[PDB]
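Written below as structure tokens is the structure these notes are about.
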Amino acid sequence: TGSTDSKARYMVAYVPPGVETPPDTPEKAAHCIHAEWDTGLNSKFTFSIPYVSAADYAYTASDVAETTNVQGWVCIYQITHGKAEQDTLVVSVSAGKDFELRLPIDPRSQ
Amino acid sequence: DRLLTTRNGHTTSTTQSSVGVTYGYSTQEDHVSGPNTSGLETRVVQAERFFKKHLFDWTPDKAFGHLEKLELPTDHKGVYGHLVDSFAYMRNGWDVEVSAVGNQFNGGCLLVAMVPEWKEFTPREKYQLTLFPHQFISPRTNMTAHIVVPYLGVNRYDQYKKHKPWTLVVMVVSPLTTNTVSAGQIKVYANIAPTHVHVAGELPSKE
Amino acid sequence: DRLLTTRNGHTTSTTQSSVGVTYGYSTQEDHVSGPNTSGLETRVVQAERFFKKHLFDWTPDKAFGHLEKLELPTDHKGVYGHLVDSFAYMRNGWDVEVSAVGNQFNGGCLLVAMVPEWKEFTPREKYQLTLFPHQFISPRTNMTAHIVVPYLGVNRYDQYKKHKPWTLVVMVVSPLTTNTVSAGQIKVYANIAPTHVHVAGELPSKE
Amino acid sequence: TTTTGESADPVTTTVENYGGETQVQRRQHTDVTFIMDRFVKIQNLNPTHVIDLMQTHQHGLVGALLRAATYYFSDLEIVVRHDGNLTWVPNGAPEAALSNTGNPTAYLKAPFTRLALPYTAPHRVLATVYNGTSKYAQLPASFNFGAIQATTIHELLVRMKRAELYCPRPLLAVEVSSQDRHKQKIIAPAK
Amino acid sequence: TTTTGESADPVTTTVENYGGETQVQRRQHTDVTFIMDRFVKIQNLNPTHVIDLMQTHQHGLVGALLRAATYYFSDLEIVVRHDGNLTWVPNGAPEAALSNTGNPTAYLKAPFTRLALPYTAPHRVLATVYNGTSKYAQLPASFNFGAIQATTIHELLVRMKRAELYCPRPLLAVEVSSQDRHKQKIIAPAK
């Protein structure tokens with residue numbers, strides 16, 4: 330959403346489970362599945378967080394750090410920028426082509 | 012004829028006291044690409060080669076039921092081991108060779124089996140370890156056992172840090188016998204090769 | 012149109028200020044299998060992906076001739092780096108992306124070149140660095156330079172511990188200019204991917 | 440993918456972009472008619488009760504999903520645990536009619552009564568939100603499925619048949635304090 | 440027959456070798472799907488209970504046979520004697536959900552409730568033994603068929619449908635002291 334005179338270069342990475350904590354730098358995260366992009370004429374960039382797990386399905390809810398309910402992290406970095414101190418990157422999420430939800434439940438407190 | 016040469020990558024193993032190869036539970040490998048890896052898995056042939064481990068020393072004192080095990084994968088100081096640290100998920104089968112060199116004047120018999128999902132066996136359950144893929148090593152007949160097994164488990168891919176599907180097991184069926192002309196003990200060694208190695212989920216560097 | 016997406020493995024890089032790609036000295040790779048490896052070489056695609064390095068901070072004080080270099084390969088904390096330690100011989104080309112983000116109100120110009128067999132350049136030789144595969148990064152026009160080079164040298168395969176054939180070089184041609192509306196400095200970063208990675212001569216484990 | 444975000448045209452990028460492969464999806468569960476087709480409770484009951492799907496709990500499976508639409512249509516099934524006989528009258532009937540056997544009346548039979556009722560409103564569709572009045595906030599009085607009456611109504615369950623939803627609206631999960639995840643006890647074998 | 444025993448290749452010699460004649464065999468009873476297809480008890484119950492086939496007795500017909508396999512798959516049927524209504528939730532559901540009618544809930548009807556449930560785990564098959572952890595011995599929490607909840611659960615019976623077993627494991631008879639036979643009272647007419 331920055332002004333014409335503000336530029337930036339970002340990176341997004343998918344860190345699978347297996348590491349204790351997420352990479353704090355683009356250098357360390359580069360070894361993961363990632364994408365980098367420039368700010369220009371086109372304001373939007375879309376990236377797919379892949380489903381990579383041992384089991385064929387994952388739980389939607391979470392309980393405690395377990396293999397079926399936490400599938401890693403997504404890390405968003407700024408490689409650098411030029412005159413973009415007060416400019417922002419709006420992030421939204423949607424379902425992918427093969428996203429699927431499985432078993433109907435009524436878990437809300439009523 | 013009893014002469015067998017096995018090749019895995021740039022490593023070979025020839026045995027002239029071969030009883031043949033035993034395939035466990037299958038002769039092939041299920042799809043190594045399923046929905047759980049979303050097409051991001053890849054094969055690493057550089058890891059499909061032999062590595063070695065000493066299992067134990069078969070001595071006359073060890074009686075029937077004496078059991079030695081090696082859960083796989085074990086600590087691997089090579090390419091395969093690096094894979095375990097660089098990728099969140101992996102899958103592979105095993106090509107296993109177990110040798111027990113003494114001489115033809117020794118007696119006794121060892122059972123070599125590959126066991127899926129190991130759990131300690133009770134003394135009575137040991138009379139049934141032949142339900143698992145196996146062969147025997149008996150000095151009068153052979154110095155080598157050879158078993159080949161596929162990847163398996165509830166998950167199409169695994170996290171070996173957390174789960175070890177296969178476990179190599181060697182058990183004394185009849186104690187080692189010795190005479191003036193025989194060897195005194197027999198050191199048992201494993202020659203293992205991971206097969207159809209696939210990894211998925213590249214991990215960040217630790218620094 | 013000036014929009015370019017480059018892909019190497021499971022890593023991508025999109026730039027909307029692309030001046031095109033410059034191929035140096037070739038558009039292909041010589042035989043990656045010759046008599047010196049006796050057919051034992053293999054390809055490792057898991058290493059053909061992007062890694063990052065910060066080159067330097069382009070500031071107004073830096074004058075013409077100011078030169079920054081990065082000999083390749085550099086210290087790599089990933090799969091490619093492990094290869095260097097596990098194999099006696101390797102060979103690969105480079106897919107190089109260099110970015111220098113400021114804004115359109117900055118002035119100045121950088122030269123990005125790939126140099127074979129680096130040796131320190133004298134002040135006068137710097138007027139001819141355009142003899143090497145290159146592009147320029149000038150704020151009014153682009154934020155990205157992109158060069159692709161093949162493997163080369165007197166040897167069909169190399170020992171990177173001992174020799175670094177390619178060297179990335181960034182040189183100030185005209186100093187960075189700034190105004191009320193521009194950026195103050197410009198941090199230059201490299202996005203590199205080794206290409207057609209082949210190894211030969213597996214080494215023993217260190218333990 | 441890179442696109443002009445402002446236009447708001449939908450963009451569905453894929454794993455293929457970085458070498459992955461899309462995986463076959465079965466979405467029967469998320470199907471609107473299917474997911475709405477199940478019995479759900481109504482809490483505030485009285486011996487004389489007007490059937491109003493907005494009486495469903497706001498965070499219930501059906502209650503929340505229904506709210507996440509502006510307009511809807513459907514037939515209905517109800518399960519009523521009542522004392523005495525149960526009488527139902529259609530949308531628009533005088534409350535006084537619930538007193539007469541001539542209207543669909545079900546004679547008590549344990550443990551309860553299950554009925555199939557038709558949509559009876561005078562509108563082509565109904566709404567979960569209505570910006571305005573129906574009289575010369596609440597929804598207009600005509601947004602109902604009739605009324606039921608018995609000596610005592612202990613339980614009411616409603617089931618939406620042939621449901622159609624239009625114009626989706628916000629649907630929320632519970633808010634999270636932790637800043638990492640919302641954690642809760644997922645079922646797991648004892649011992 | 441004489442063979443090289445060490446190879447471990449199967450050898451099935453016959454009565455013919457010494458002049459006998461093999462006799463026709465019917466093995467329907469030993470068929471896996473058939474033999475597993477019957478109701479068996481679960482002993483340790485609580486008003487909130489997670490369905491775990493490993494809860495079956497280790498020496499029971501089904502319990503022992505199930506244990507004598509490493510991996511298995513099957514659908515299920517359950518019979519529950521309960522007080523109050525019974526609610527079931529699928530594998531992976533928050534325990535909190537058992538409190539809501541929106542999930543399959545069966546209203547009490549004497550003498551008990553018999554239901555058909557589908558396999559709901561996220562794994563292609565389940566295991567009776569698992570060498571490792573599922574958390575960042596016992597089996598992973600995901601090895602279950604959902605959970606059930608009622609005010610009081612007096613009895614639970616489980617029945618394995620479409621059972622498939624893989625990778626057989628040891629199966630034991632009672633041990634024998636006598637050194638000749640294990641003797642016990644076989645049924646015989648009175649008087």
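Note that the protein sequences, when read in sequence, are chains P, E, U, V and B.
Every position in the first sequence, counted from 1, becomes a number in the UniProt record's numbering once 329 is added.
Every position in the second sequence, counted from 1, becomes a number in the UniProt record's numbering once 11 is added.
Every position in the third sequence, counted from 1, becomes a number in the UniProt record's numbering once 11 is added.
Read in order, the letters of the fourth sequence correspond to residues 440 to 575, 595 to 649 in the UniProt record's numbering.
Read in order, the letters of the fifth sequence correspond to residues 440 to 575, 595 to 649 in the UniProt record's numbering.
Just so it is clear, CB atoms sit at the ideal spot from N, CA and C, and this is done for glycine as well.
Inter-residue Cα distance where the pair is residue i and residue j
{"i": "residue 43 of chain E", "j": "residue 214 of chain E", "result": "20 Å"}
{"i": "residue 63 of chain U", "j": "residue 107 of chain U", "result": "10 Å"}
{"i": "residue 79 of chain U", "j": "residue 377 of chain P", "result": "36 Å"}
{"i": "residue 518 of chain V", "j": "residue 554 of chain V", "result": "7 Å"}
{"i": "residue 635 of chain B", "j": "residue 549 of chain V", "result": "59 Å"}
{"i": "residue 196 of chain E", "j": "residue 16 of chain E", "result": "26 Å"}
{"i": "residue 154 of chain E", "j": "residue 90 of chain E", "result": "29 Å"}
{"i": "residue 198 of chain U", "j": "residue 68 of chain U", "result": "4 Å"}
{"i": "residue 526 of chain B", "j": "residue 394 of chain P", "result": "27 Å"}
{"i": "residue 414 of chain P", "j": "residue 574 of chain V", "result": "54 Å"}
{"i": "residue 489 of chain B", "j": "residue 386 of chain P", "result": "20 Å"}
{"i": "residue 181 of chain U", "j": "residue 388 of chain P", "result": "50 Å"}
{"i": "residue 105 of chain U", "j": "residue 95 of chain U", "result": "16 Å"}
{"i": "residue 408 of chain P", "j": "residue 204 of chain U", "result": "17 Å"}
{"i": "residue 122 of chain E", "j": "residue 608 of chain B", "result": "51 Å"}
{"i": "residue 183 of chain U", "j": "residue 140 of chain U", "result": "11 Å"}
Contact check, residue i vs residue j, beta carbons under 9 Å
{"i": "residue 521 of chain B", "j": "residue 612 of chain B", "result": "yes"}
{"i": "residue 125 of chain E", "j": "residue 148 of chain E", "result": "no"}
{"i": "residue 516 of chain B", "j": "residue 484 of chain B", "result": "no"}
{"i": "residue 35 of chain U", "j": "residue 143 of chain U", "result": "yes"}
{"i": "residue 150 of chain E", "j": "residue 75 of chain E", "result": "no"}
{"i": "residue 487 of chain V", "j": "residue 605 of chain V", "result": "yes"}
{"i": "residue 173 of chain E", "j": "residue 567 of chain B", "result": "no"}
{"i": "residue 282 of chain U", "j": "residue 188 of chain U", "result": "An answer regarding residue 282 of chain U cannot be provided, because it is not within the stretch 12 to 218 covered by chain U."}
{"i": "residue 347 of chain P", "j": "residue 99 of chain E", "result": "yes"}
{"i": "residue 440 of chain V", "j": "residue 452 of chain V", "result": "yes"}
{"i": "residue 593 of chain B", "j": "residue 436 of chain P", "result": "Absent here is residue 593 of chain B, because the residues of chain B run from 575 on to 595 with nothing modelled in between."}
{"i": "residue 405 of chain P", "j": "residue 529 of chain B", "result": "no"}
{"i": "residue 164 of chain U", "j": "residue 128 of chain U", "result": "yes"}
{"i": "residue 202 of chain U", "j": "residue 365 of chain P", "result": "yes"}
Residue i in three-state terms, based on DSSP
{"i": "residue 166 of chain E", "result": "coil"}
{"i": "residue 143 of chain E", "result": "coil"}
{"i": "residue 91 of chain E", "result": "helix"}
{"i": "residue 473 of chain V", "result": "helix"}
{"i": "residue 457 of chain B", "result": "helix"}
{"i": "residue 468 of chain B", "result": "helix"}
{"i": "residue 604 of chain V", "result": "coil"}
{"i": "residue 445 of chain V", "result": "helix"}
{"i": "residue 573 of chain V", "result": "coil"}
{"i": "residue 149 of chain U", "result": "coil"}
{"i": "residue 185 of chain U", "result": "strand"}
{"i": "residue 24 of chain E", "result": "strand"}
Contact test: residue i Cβ vs the ligand GDP heavy atom, cutoff 8 Å
{"i": "residue 474 of chain V", "result": "As presented, the structure is devoid of all ligands, the ligand GDP included, so that no description of it is given."}
Closer than 9 Å to chain A by CB, residue i
{"i": "residue 100 of chain E", "result": "The displayed structure is made up of protein chains P, E, U, V and B, and chain A is not among them."}
Within the region 488–557 of chain B, ranges of the beta strand (DSSP E) (whole runs, at least 3 residues) | 508–522, 525–528 and 552–556
Unbroken stretches of the alpha helix (DSSP H), 4 residues or longer, contained in the region 28–81 of chain U | none
Evaluate contact between the region 497–514 of chain B and the region 612–628 of chain B, counting only Cβ atoms and requiring at least three cross-stretch pairs below 8 Å.
-> yes
Please determine if the region 58–78 of chain U and the region 21–30 of chain U are in contact, where contact requires at least 3 C-beta pairs separated by less than 8 Å.
-> Contact check between the region 58–78 of chain U and the region 21–30 of chain U: three or more CB pairs, one atom from each, fall below 8 Å, which counts as touching.
Fully enclosed by the region 333–409 of chain P, which beta strand (DSSP E) runs are 3 residues long or longer?
-> 336–344 and 362–367
In chain order, which continuous runs of the beta strand (DSSP E) of length 3 or greater are located wholly inside the region 106–137 of chain U?
-> 118–127
Any 3 or more C-beta pairs closer than 8 Å across the region 470–480 of chain V and the region 529–541 of chain B = yes
Kindly confirm or deny that the region 415–427 of chain P and the region 26–41 of chain E touch, where touching means at least three C-beta pairs closer than 8 Å.
-> no
Taking one C-beta from the region 456–467 of chain V and one from the region 45–59 of chain E each time, how about it: are there three or more such pairs within less than 8 Å?
-> yes
Should the region 353–369 of chain P be called in touch with the region 337–344 of chain P, which here means at least 3 C-beta pairs below 8 Å?
-> yes
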